[PDB]
Amino acid sequence: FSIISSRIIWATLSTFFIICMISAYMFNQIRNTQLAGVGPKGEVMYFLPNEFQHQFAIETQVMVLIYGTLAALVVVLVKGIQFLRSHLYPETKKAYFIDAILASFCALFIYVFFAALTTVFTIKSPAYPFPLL
Amino acid sequence: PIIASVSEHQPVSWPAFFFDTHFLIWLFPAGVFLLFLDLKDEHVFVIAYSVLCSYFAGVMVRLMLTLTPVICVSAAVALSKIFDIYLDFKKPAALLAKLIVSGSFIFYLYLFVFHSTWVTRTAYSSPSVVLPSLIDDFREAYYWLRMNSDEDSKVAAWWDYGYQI
Amino acid sequence: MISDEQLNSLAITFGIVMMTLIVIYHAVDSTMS
Amino acid sequence: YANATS
Amino acid sequence: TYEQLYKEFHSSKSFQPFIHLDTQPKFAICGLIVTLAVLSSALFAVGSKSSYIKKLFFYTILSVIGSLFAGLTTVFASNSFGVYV
Amino acid sequence: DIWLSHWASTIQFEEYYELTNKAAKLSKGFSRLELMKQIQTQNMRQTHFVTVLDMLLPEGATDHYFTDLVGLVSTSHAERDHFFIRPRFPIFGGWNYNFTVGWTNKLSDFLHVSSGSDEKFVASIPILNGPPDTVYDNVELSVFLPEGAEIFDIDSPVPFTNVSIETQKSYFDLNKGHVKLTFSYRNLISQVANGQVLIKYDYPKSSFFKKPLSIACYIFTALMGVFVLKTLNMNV
Amino acid sequence: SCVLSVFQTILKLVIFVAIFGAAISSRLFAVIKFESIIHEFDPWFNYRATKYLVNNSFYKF
Ligand SMILES: CCCCC/C=C\C/C=C\CCCCCCCC(=O)O[C@H](COC(=O)CCCCCCCCCCCCCCC)COP(=O)([O-])OCC[N+](C)(C)C
Ligand SMILES: CCCCC/C=C\C/C=C\CCCCCCCC(=O)O[C@H](COC(=O)CCCCCCCCCCCCCCC)COP(=O)([O-])OCC[N+](C)(C)C
Ligand SMILES: C[C@H]1CC[C@]2(OC1)O[C@H]1[C@H](O)[C@@H]3[C@H]4CC[C@@H]5C[C@H](O[C@H]6O[C@@H](CO)[C@H](O)[C@@H](O)[C@@H]6O)[C@@H](O)C[C@@]5(C)[C@@H]4CC[C@@]3(C)[C@@H]1[C@H]2C
Ligand SMILES: C[C@H]1CC[C@]2(OC1)O[C@H]1[C@H](O)[C@@H]3[C@H]4CC[C@@H]5C[C@H](O[C@H]6O[C@@H](CO)[C@H](O)[C@@H](O)[C@@H]6O)[C@@H](O)C[C@@]5(C)[C@@H]4CC[C@@]3(C)[C@@H]1[C@H]2C
Ligand SMILES: C[C@H]1CC[C@]2(OC1)O[C@H]1[C@H](O)[C@@H]3[C@H]4CC[C@@H]5C[C@H](O[C@H]6O[C@@H](CO)[C@H](O)[C@@H](O)[C@@H]6O)[C@@H](O)C[C@@]5(C)[C@@H]4CC[C@@]3(C)[C@@H]1[C@H]2C
Ligand SMILES: C[C@H]1CC[C@]2(OC1)O[C@H]1[C@H](O)[C@@H]3[C@H]4CC[C@@H]5C[C@H](O[C@H]6O[C@@H](CO)[C@H](O)[C@@H](O)[C@@H]6O)[C@@H](O)C[C@@]5(C)[C@@H]4CC[C@@]3(C)[C@@H]1[C@H]2C
Ligand SMILES: *C(=O)c1ccc(-c2c3ccc(=[N+](C)C)cc-3oc3cc(N(C)C)ccc23)c(C(=O)[O-])c1
Ligand SMILES: *[C@@H]1O[C@H](CO)[C@@H](O[C@@H]2O[C@H](CO)[C@@H](O)[C@H](O)[C@H]2NC(C)=O)[C@H](O)[C@H]1NC(C)=O
Ligand SMILES: *[C@@H]1O[C@H](CO)[C@@H](O[C@@H]2O[C@H](CO)[C@@H](O)[C@H](O)[C@H]2NC(C)=O)[C@H](O)[C@H]1NC(C)=O
Numbered sequence: 211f212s213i214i215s216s217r218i219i220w221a222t223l224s225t226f227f228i229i230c231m232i233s234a235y236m237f238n239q240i241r242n243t244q245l246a247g248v249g250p251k252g253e254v255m256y257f258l259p260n261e262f263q264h265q266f267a268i269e270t271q272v273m274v275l276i277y278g279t280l281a282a283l284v285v286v287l288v289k290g291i292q293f294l295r296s297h298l299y300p301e302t303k304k305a306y307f308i309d310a311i312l313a314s315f316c317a318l319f320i321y322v323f324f325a326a327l328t329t330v331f332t333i334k335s336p337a338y339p340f341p342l343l
Numbered sequence: 343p344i345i346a347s348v349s350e351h352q353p354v355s356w357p358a359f360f361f362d363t364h365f366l367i368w369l370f371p372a373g374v375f376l377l378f379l380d381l382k383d384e385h386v387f388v389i390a391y392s393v394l395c396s397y398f399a400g401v402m403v404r405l406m407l408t409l410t411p412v413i414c415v416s417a418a419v420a421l422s423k424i425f426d427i428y429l430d431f432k441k442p443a444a445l446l447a448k449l450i451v452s453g454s455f456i457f458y459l460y461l462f463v464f465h466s467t468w469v470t471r472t473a474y475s476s477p478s479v480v481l482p483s492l493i494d495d496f497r498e499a500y501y502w503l504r505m506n507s508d509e510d511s512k513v514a515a516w517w518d519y520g521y522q523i
Numbered sequence: 001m002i003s004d005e006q007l008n009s010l011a012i013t014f015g016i017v018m019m020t021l022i023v024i025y026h027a028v029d030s031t032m033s
Numbered sequence: 002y003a004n005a006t007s
Numbered sequence: 002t003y004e005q006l007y008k009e010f011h012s013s014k015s016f017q018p019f020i021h022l023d024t025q026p027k028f029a030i031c032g033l034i035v036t037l038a039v040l041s042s043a044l045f046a047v048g049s050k051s052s053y054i055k056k057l058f059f060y061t062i063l064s065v066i067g068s069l070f071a072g073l074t075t076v077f078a079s080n081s082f083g084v085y086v
Numbered sequence: 239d240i241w242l243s244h245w246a247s248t249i250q251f252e253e254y255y256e257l258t259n260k261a262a263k264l265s266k267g268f269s270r271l272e273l274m275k276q277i278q279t280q281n282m283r284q285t286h287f288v289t290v291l292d293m294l295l296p297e298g299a300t301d302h303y304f305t306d307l308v309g310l311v312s313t314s315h316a317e318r319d320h321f322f323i324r325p326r327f328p329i330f331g332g333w334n335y336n337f338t339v340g341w342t343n344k345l346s347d348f349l350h351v352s353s354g355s356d357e358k359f360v361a362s363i364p365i366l367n368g369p370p371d372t373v374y375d376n377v378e379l380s381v382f383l384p385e386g387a388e389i390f391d392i393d394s395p396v397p398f399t400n401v402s403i404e405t406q407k408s409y410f411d412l413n414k415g416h417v418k419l420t421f422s423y424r425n426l427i428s429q430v431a432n433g434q435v436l437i438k439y440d441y442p443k444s445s446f447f448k449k450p451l452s453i454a455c456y457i458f459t460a461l462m463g464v465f466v467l468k469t470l471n472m473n474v
Numbered sequence: 006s007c008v009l010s011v012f013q014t015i016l017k018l019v020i021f022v023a024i025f026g027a028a029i030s031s032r033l034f035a036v037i038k039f040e041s042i043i044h045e046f047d048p049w050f051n052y053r054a055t056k057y058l059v060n061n062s063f064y065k066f
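Chains as they are written, first to last, in PDB author numbering: chain A, 211 to 343; chain B, 343 to 432, 441 to 483, 492 to 523; chain C, 1 to 33; chain D, 2 to 7; chain E, 2 to 86; chain F, 239 to 474; chain G, 6 to 66.
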């Protein structure tokens with residue numbers, strides 16, 4: 211009903227499928243992996259340390275969150291600053307200023323999330339020389 | 343039972359996607375999303391390629407190679423769009447924001463170069479017939503077989519070492 | 001022959017030069033058109 | 002990852 | 002015959018090179034630059050929209066120079082990489 | 239194989255050996271454990287199997303290398319005038335080993351210029367450079383002179399079974415190629431055949447300068463071809 | 006403009022030269038370190054087939 215003809219719906223579906231595929235979603239089924247692990251101390255581990263070819267099943271969800279946030283921030287940087295500048299601050303007497311602020315904050319958040327990604331990757335590969343932190 | 347035993351037909355864990363594409367891995371989905379908001383026929387080709395190879399690369403590791411071209415293409419689109427806005431100098443605050451964004455992404459480019467060089471030098475630059483420490495025991499026994507055995511001689515071994523022999 | 005550290009430095013230099021020149025090209029293409 | 006047993 | 006040739010060999014001066022091997026790398030790196038310059042100019046002349054009777058003349062002279070340079074630098078670079086001609 | 243080059247002023251030696259050990263065969267077969275127990279016992283006694291060969295090279299050699307039919311061997315070590323070599327496996331009685339060694343030397347030690355003209359050269363080339371105590375059963379000694387060289391006189395200090403002259407193309411031999419002069423000898427002994435072959439040939443300056451000229455003609459032909467390909471339209 | 010086009014052409018040529026250099030220098034690591042030798046397992050069959058082709062004819066291959 212005029213909704214399977216919208217570009218945004220199919221774009222969201224396909225991008226989500228690609229994100230789940232690159233987050234190693236098929237690995238958790240071809241191999242029945244545990245959801246998480248228990249530390250020697252006794253807290254939840256959330257990540258298999260020192261292992262590069264094995265993982266828990268919650269790592270897929272964490273990586274889905276990270277990749278989706280990075281992609282959403284890039285899409286907002288490319289297409290979305292106009293929208294939310296017109297919809298957030300309605301004074302429209304200083305509009306380049308608001309665009310600059312929003313773009314710089316988007317870049318800052320992109321850096322933060324890339325640093326988080328490299329941290330969770332150096333957990334699995336404990337000798338990685340570009341932690342970006 | 344045989345296709346199940348070869349190490350090249352196994353599923354992939356998530357780190358191997360970051361190990362083979364430093365930061366092109368989170369520009370690839372964004373570049374696909376950006377190709378959807380301007381749907382042309384060429385773009386439909388790229389979208390179908392992206393989806394199919396994404397599935398096939400996570401199901402079998404040897405199929406990750408076929409995924410590497412489109413990723414680059416997709417990434418090269420997204421980045422390019424960003425540079426069409428923040429590398430276009432045509441006012442203090444706007445200039446400063448453009449500088450910030452473009453400089454962060456140029457830094458990511460340089461880091462990509464460094465990471466790629468390190469991964470190549472460390473993981474994908476060693477032959478399996480000589481081991482470093492050199493330990494050269496394959497070529498010693500193969501050359502012994504070639505020098506001190508009859509030419510019409512049959513050597514039984516596991517299939518992994520067929521070709522080399 | 002060339003050494004290992006020398007080949008590493010050569011590869012890194014080639015990469016850095018290529019990226020810098022593609023950035024300059026993109027800036028001139030986006031600004032002047 | 003090569004054409005070999007694991 | 003052996004005797005005479007031996008006496009000759011043992012009563013003569015040694016071989017003196019034309020250009021020493023240690024110098025040839027510099028000569029190669031310089032000739033490569035000269036060759037690049039000249040050839041790249043003659044390609045500009047090919048792209049030129051001027052007459053045909055003059056494009057031919059300029060291209061031919063420039064190529065007759067660039068080719069001499071390129072051959073000399075090929076010899077020097079090959080000798081400098083360890084592949085002696 | 240001895241390669242002479244006037245543009246680089248170098249002489250390059252490449253030797254391909256096919257060695258065998260005619261000592262007693264090993265009863266009970268080879269047991270790496272027994273060999274290691276002999277090594278660590280420090281039994282440096284004179285044994286009848288080859289563990290290391292010592293090649294005696296001409297004075298001032300450089301760029302040594304030691305390979306075989308399966309690749310490059312890493313157990314080789316150069317000392318003044320001497321090149322020590324360790325095969326992949328020890329050579330016991332009845333075993334074979336085919337390998338290759340090579341090095342470079344300055345041309346000014348083997349090639350002299352005639353006194354009557356600056357284009358007549360006399361070369362004196364050693365016939366054997368190998369291990370100390372060895373016997374040879376078939377020797378094919380090839381000398382490669384540059385492209386435009388014309389051989390004028392040849393002589394050997396010991397009788398040979400054959401001699402021949404032909405040509406062979408190389409890395410930049412657009413023309414006929416290097417003049418190959420081949421000698422064939424039969425029964426030779428390591429340190430009693432210490433003579434030197436004498437070759438007198440002619441090499442004019444025209445032949446010296448003709449090689450870059452040939453490369454230049456090739457490049458100029460390619461450039462003329464490019465020009466021709468970019469001066470005719472195939473539009474419809 | 007016209008100087009813009011010539012600048013872009015020269016820049017593209019230099020960029021592609023740098024691209025070729027970077028690619029080849031990145032691949033040459035194993036050849037520089039150990040030797041120029043054949044790798045893993047399938048390349049060995051490929052190499053023996055190429056040898057058979059270059060020694061014999063195309064019909065025999
Ligand atoms: C179309 C765009 C293409 C872009 C470029 C593509 C690929 C290149 C990128 C990476 C390749 C890395 C290669 C590493 C070198 C390994 C060998 C080595 O390391 O040689 C080095 C030496 O070096 C050099 O001094 C070379 C100095 C300058 C060379 C001349 C300039 C080169 C021009 C190239 C084209 C020439 C044709 C002219 C026609 C116009 C080791 O010499 P050696 O001790 O073994 O020699 C034996 C010992 N003697 C020296 C006594 C004999
Ligand atoms: C179209 C222009 C492209 C521009 C880029 C050009 C080159 C790439 C840059 C650097 C590569 C050089 C490093 C390789 C040399 C060391 C490896 C080696 O030494 O291997 C050689 C293999 O000989 C080769 O093939 C090397 C070819 C030499 C190339 C020199 C480059 C300058 C000329 C460029 C071509 C110009 C076109 C002219 C056409 C008329 C080992 O030979 P061997 O084991 O038989 O020993 C022989 C010893 N006997 C004789 C005693 C047995
Ligand atoms: C989970 C998160 C993911 C990120 C996000 O939040 C949820 O979800 C994004 C969407 O993808 C949005 C874009 C869709 C495409 C849409 C094109 C329009 O362009 C034409 O739209 C036609 C309509 O009739 C008219 O012709 C005119 O409006 C106009 O010409 C444009 O106006 C807005 C735009 C770009 C949306 C901007 C906000 C985005 C990026 C949203 C983010 C905030
Ligand atoms: C246009 C195309 C064609 C030309 C080329 O590609 C682009 O661009 C060339 C570079 O100029 C490269 C050289 C850089 C300098 C480097 C010095 C080392 O010199 C050693 O020797 C002594 C010297 O004083 C000392 O001991 C130490 O510095 C050191 O050990 C030498 O090993 C390698 C060498 C010469 C590089 C080789 C590859 C070259 C020629 C590259 C080509 C492929
Ligand atoms: C228009 C052109 C002209 C100007 C230029 O390009 C644009 O701008 C120059 C930059 O200054 C580049 C250098 C940066 C520093 C970098 C240090 C590395 O050294 C170590 O750096 C450590 C750090 O973490 C690692 O740990 C080690 O692994 C690594 O070896 C070295 O390899 C490469 C080098 C010197 C870059 C080379 C190319 C340069 C000179 C570029 C020029 C060609
Ligand atoms: C459908 C198309 C597909 C592409 C192609 O065309 C047809 O199909 C290939 C053919 O197979 C060609 C080979 C024919 C046999 C020929 C043997 C020669 O052997 C030499 O070996 C020397 C050793 O030193 C001897 O001394 C010399 O006498 C002797 O000539 C040698 O020239 C190479 C080889 C294999 C040809 C190369 C070109 C090929 C590959 C052709 C391609 C252009
Ligand atoms: C395929 O099954 C496979 C490919 C690469 C690697 C691997 C290495 C292989 C050989 C090495 N040498 C002998 C130099 C070193 C390797 O190091 C690696 C490092 C990583 N990181 C940094 C996570 C990944 C892979 C390799 C293997 C393997 O694990 O041995 C396997
Ligand atoms: C290594 O060299 C030896 C010695 O020449 C070769 O042995 C000869 O091989 C041929 C063909 O198999 C036989 O007809 C001869 O009788 C062998 N001679 C001796 C003394 O054994 C051997 O073939 C060479 N191996 C390789 C791989 O080239
Ligand atoms: C000396 O010269 C060659 C040694 O290479 C031999 O004669 C030739 O041998 C090749 C080898 O197959 C043949 O193809 C030629 O037909 C032979 N003859 C000629 C004229 O080249 C032989 O050992 C000697 N030839 C003599 C003494 O005539």
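Yeah, the Cβ is synthetic: ideal placement off N, Cα and C, and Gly gets one too.
Asked: Residues sharing a beta bridge with residue 114/E, DSSP; Found: A question about residue 114/E goes unanswered here, because the residues of chain E that appear run from 2 up to 86.
Asked: Inter-stretch contact at 8 Å, needing at least 3 Cβ pairs: the region 451 to 459 of chain F / the region 58 to 72 of chain E; Found: yes
Asked: Closer than 7 Å to chain B by CB, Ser10/G; Found: no
Asked: is_contact[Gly463/F, chain B] using C-beta, thresh 7 Å; Found: no
Asked: Proximal residues to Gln292/A (C-beta, below 7 Å), its chain only, five neighbours per side dropped; Found: none
Asked: Span of the beta strand (DSSP E), counted from its first residue to its last, around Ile249/F; Found: 248 to 258
Asked: Burial state of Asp319/F (16 or more Cβ within 10 Å); Found: exposed
Asked: CA nearest to the CA of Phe304/F, picked from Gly298/F, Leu291/F, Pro296/F; Found: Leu291/F
Asked: Touch test, the region 261 to 279 of chain A against the region 289 to 304 of chain A, Cβ-Cβ under 8 Å, three pairs minimum; Found: no
Asked: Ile2/C CB to nearest heavy atom of ligand 4 below 6 Å; Found: yes
Asked: Test: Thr467/B CB closer than 7 Å to a CB of chain C; Found: yes
Asked: Members of the region 333 to 365 of chain F that neighbour chain B once the beta carbon cut-off is set at 8 Å; Found: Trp333, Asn334, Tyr335, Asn336
Asked: Own chain partners of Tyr458/B with C-beta closer than 7 Å, once the 5 adjacent residues on each side are dropped; Found: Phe365
Asked: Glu5/C CB to nearest heavy atom of ligand 8 below 6 Å; Found: no
Asked: Opposing strand residues paired with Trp341/F [DSSP bridges]; Found: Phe251/F
Asked: Residue list, Cβ distance to ligand 6 heavy atoms smaller than 6 Å; Found: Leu58/G, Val59/G, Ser62/G, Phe63/G
Asked: DSSP beta-bridge partners of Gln434/F; Found: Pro364/F
Asked: Beta-carbon separation (whole angstroms), residue 104/E vs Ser42/E, contact threshold 8 Å; Found: Outside the displayed range of chain E (2 to 86) lies residue 104/E, so it cannot be described from this structure.
Asked: Chain B contact for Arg326/F (CB, 7 Å cutoff); Found: yes
Asked: Own chain residues within Cβ distance below 6 Å of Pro325/F, not counting five before or after; Found: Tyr335
Asked: Sequence-distant residues of its chain with Cβ nearer than 6 Å to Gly332/F (five each side left out); Found: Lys263
Asked: The region 466 to 473 of chain B in contact with the region 312 to 329 of chain A per 3-pair CB rule at 8 Å; Found: no
Asked: Classification of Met18/C by the beta-carbon crowding that lies within 10 angstroms, buried from 16 upward; Found: buried
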